[PDB]
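In: Sequence and experimental coordinates follow.
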Amino acid sequence: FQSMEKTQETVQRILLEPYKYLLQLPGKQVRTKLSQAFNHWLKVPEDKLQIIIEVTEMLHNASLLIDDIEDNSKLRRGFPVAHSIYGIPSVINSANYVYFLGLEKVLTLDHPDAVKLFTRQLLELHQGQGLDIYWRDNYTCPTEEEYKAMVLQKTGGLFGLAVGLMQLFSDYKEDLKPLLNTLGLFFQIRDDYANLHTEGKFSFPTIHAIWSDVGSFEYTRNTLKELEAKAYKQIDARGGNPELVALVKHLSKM
Amino acid sequence: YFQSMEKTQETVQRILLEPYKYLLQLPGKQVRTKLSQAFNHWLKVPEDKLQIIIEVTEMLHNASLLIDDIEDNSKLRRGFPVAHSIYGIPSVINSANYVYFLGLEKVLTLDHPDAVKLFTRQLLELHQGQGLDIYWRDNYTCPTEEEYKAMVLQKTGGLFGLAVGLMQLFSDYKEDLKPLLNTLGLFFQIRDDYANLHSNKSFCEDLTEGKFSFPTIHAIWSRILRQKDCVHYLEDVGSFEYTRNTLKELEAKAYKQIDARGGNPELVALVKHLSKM
Ligand SMILES: O=C(Nc1cccc(-c2nc(NC(P(=O)(O)O)P(=O)(O)O)c3ccsc3n2)c1)c1ccc(F)cc1
């Protein structure tokens, strides 16, 4: 009656706490820098942007809560992972609810293909997470070619959501999927290299070593620069973009 | 020959659905189907749209049990080990979540905009059900009978309303079944609770399988702060006696609300059959 509507509204506050626990962790205020850069082509409406951002950022973190459980991570960016605090069921709930609150949010774009797209990209992400666990469960390191596959499914899976949602809400229609893989790998491999120089996570240098001390760092350096090159050569054939290339050349520090 | 991505891909689908399949093969998925067919005697929906509404409902159900078992730390389900104790927590979470989104994809094929609206609400609801369940658990508290019923209509007992609601989108039938659907949702659940018990020299949180069950709750509220040989204790409290009473009492209101919607032979057959327990 009365008491049930209080006890219910409460549960929704509670439900977001693991999601919030992940928001507050250090860095990943730099995601925002990136989508803003992409808007120098898409010229998207400020109000559709804020929702595409809200969504992307919801799906991301909900997807990390699961990824940590699934990877049996112990820490994330140095702090304990969400499940070791709130506990697995409490987390599963929060991520899943947040994913669906993000559906609800995409519905507000009022665009039938946006749900179509969200659904595809999530389905993709789950297959990535799929493989990741498959390998883990079978005590197996994936090959370099397979590692990249998983990243484009998981990472290009959720770059591609955002850039693709925005491109729905733009008269810009030239092909960024090419550029987005080049960035997806770039970002990942970099964050792998940085992180080393794992937490139950397959990482580009460890994989290259394992498929012969080794100087995978030497190879990873080489492999990273080589993408950045293809970043610029595909950035240009899309009429160029100052904001983005600033954020690339900045990041090529590591 | 980069048939390597074609293999690596076909594989992932097989893998991803294995825990979902593991749950299908446990007994009698033919009884959900029996029910929605009965409801079509009012909605007169197209056979092909029905099949999808059914596929969806049935996907959401099982995916929702895979999670329920993890979350309730169940050990067994319908006698066999639970899905996660075989395939393992991460592998299961993945499969349920993927299945939920394959059900989105499926609802999209109904090609009617309100269907996504509805699915999204029902899922969000389901999660709040799971919400409550753990709220109570975390607070070391047994919920009231009143509250238990609320949780059931929110959660997996809820999932009739998705289907009947999807169907009613595709129908010029517009009279109110939500009333009848609670009466049925509780009926179905409480029955499956009673059955599950009447099925050792076991303890209760063994038999319930770490689950809130109508008879155990009624017992616990009879002999501001916080609430051997089970079966005979429950009969010594006679929750079984009360559950019998409480079940029949709904079935009665099933019939009295079935009728004020112009009556329905198919359904009433399936009720009176099921009233066996
Ligand atoms: O891993 C994904 N994206 C991606 C790509 C490049 C870097 C990162 C990333 N990676 C992180 N560290 C590592 P992890 O995800 O194991 O914490 P990763 O490099 O192996 O993904 C962290 C940690 C705190 S914020 C963060 N962001 C994530 C990812 C996760 C969930 C999705 F739904 C989609 C992509």
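Out: Noted; the coordinates are in hand. Numbering: from 1, shown residues only, chains lettered A, B, ... in the order given.

In: And for the closest residue to residue A:153 other than its chain neighbours, the neighbour number?
Out: Of all residues not flanking residue A:153 in the chain, residue A:128 sits nearest, at 3.6 Å (CB to CB, 6 or more residues apart in numbering or on different chains). The way it works is simple: take the backbone N, C-alpha and C, and place the C-beta from them, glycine included. When neighbours are counted by other CB atoms under 10 Å in any protein chain shown, residue A:128 registers 22.

In: Thought residue A:150 was touching residue A:128, still the case?
Out: Yes - the criterion here is CB atoms under 8 Å, and residue A:128 meets it with residue A:150 at 5.1 Å.

In: which stretches of the stretch 51-200 of chain A form helices?
Out: Using DSSP state H, counting those that start in this stretch, the helices of the stretch 51-200 of chain A run over residues A:82-86, A:88-108, A:112-137, A:144-154, A:156-168, A:177-196.

In: And the contacts of stretch A:110-124?
Out: Outside stretch A:110-124, the residues that touch it by CB atoms under 8 Å, 6 or more residues apart in numbering or on different chains are A:55, A:59, A:99, A:102-103, A:106-107, A:153-154, A:157-158, A:160-161, A:164-165, A:168-169, B:98, B:101-102, B:104-105, B:108, B:113, B:116.

In: if we go to 6 Å?
Out: A:106, A:153, A:157, A:161, A:164-165, A:168, B:101, B:104-105, B:116 (CB atoms under 6 Å, 6 or more residues apart in numbering or on different chains).

In: just stretch A:51-64 next, same as before
Out: The contact list for stretch A:51-64 (CB under 6 Å, 6+ apart) reads A:19, A:22, A:95, A:98-99, A:102, A:105-106, A:162, A:165-166.

In: send the alpha carbons of that stretch over as PDB?
Out: Output of stretch A:51-64 as PDB, limited to C-alpha atoms (Å, rounded to 0.1, in the frame of the first residue of the first chain):
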ATOM      1  CA  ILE A  51      21.700  11.400 -24.100                       C
ATOM      2  CA  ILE A  52      24.100   9.500 -26.400                       C
ATOM      3  CA  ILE A  53      26.800  10.200 -23.900                       C
ATOM      4  CA  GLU A  54      24.700   9.300 -20.800                       C
ATOM      5  CA  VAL A  55      23.900   6.000 -22.600                       C
ATOM      6  CA  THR A  56      27.400   5.100 -23.700                       C
ATOM      7  CA  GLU A  57      28.700   5.900 -20.200                       C
ATOM      8  CA  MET A  58      25.900   3.800 -18.600                       C
ATOM      9  CA  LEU A  59      26.600   0.800 -20.800                       C
ATOM     10  CA  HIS A  60      30.300   1.100 -20.300                       C
ATOM     11  CA  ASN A  61      30.300   0.900 -16.500                       C
ATOM     12  CA  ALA A  62      27.500  -1.700 -16.300                       C
ATOM     13  CA  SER A  63      29.700  -3.600 -18.700                       C
ATOM     14  CA  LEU A  64      32.700  -3.300 -16.500                       C
END
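
In: residues in chain A within reach of chain B, list them.
Out: Proximity of chain A to chain B, by CB under 6 Å from any CB of the partner chain, involves residues A:4, A:11, A:15, A:70, A:89, A:93, A:96-97, A:100, A:103-104, A:115, A:119, A:122-123, A:126-127, A:129-131, A:133-134.
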